[PDB]
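# So I pulled this structure from the PDB, and the sequence comes with it:
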Number of protein chains: 2
Amino acid sequence: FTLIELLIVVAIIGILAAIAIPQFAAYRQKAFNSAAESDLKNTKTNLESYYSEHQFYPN
Amino acid sequence: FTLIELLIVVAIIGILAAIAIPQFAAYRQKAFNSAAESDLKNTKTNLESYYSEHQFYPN
């Protein structure tokens, strides 16, 4: 209710809004690379599964 | 009730009415800038929220 208090509130809000958030692009790239890894491993397993019914890999 | 007293009253009124009030343009500009800051932060949060339902930012 005092013009000093509101100015201090504005200053503290400006201080708090400048917090450095963590990097997110690399964080998501981690998940993307893990997805690629899992896909490759599952593809290897599926290919070796196919090599059981017949005696040759695809093509 | 004396012409001297009324003149002194006028002098004191003139003295008191000349008080330098604080600057207000900058005071309001502080709130405007804080509003801009909060809007930007909320926009960042909303964009990262959108990036959850789908896998791309708007446009």
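Nice, thanks for sending it over. Numbers count the residues shown, from 1 in each chain, chains lettered A, B, ... in the order given.
# Would whatever helix or strand residue A:40 lives in count as contacting chain B?
If you go by DSSP states H and E, residue A:40 is part of helix A:25-53. No: between helix A:25-53 and chain B, judged by C-beta under 8 Å from any C-beta of the partner chain, nothing touches; the nearest distance is 8.8 Å. All C-beta spots, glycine's among them, are computed from the backbone N, C-alpha and C.
# Next, the angle helix B:25-53 makes with that helix.
If you take axes from the mean of the first three to the mean of the last three C-alpha atoms, to 10 degrees, helix A:25-53 sits at 0 degrees to helix B:25-53.
# from the chain's centre, how far out does helix A:25-53 sit?
Helix A:25-53 has its C-alpha centroid displaced from the chain centroid by 17 Å (C-alpha atoms, centre = their mean, to the nearest Å).
# residues contacting the residue nearest in space to the middle of chain A?
Geometric centre of chain A, nearest residue: residue A:28, 2.0 Å, by C-alpha atoms, centre = their mean. Going by C-beta atoms under 8 Å, 6 or more residues apart in numbering or on different chains, residue A:28 touches no other residue.
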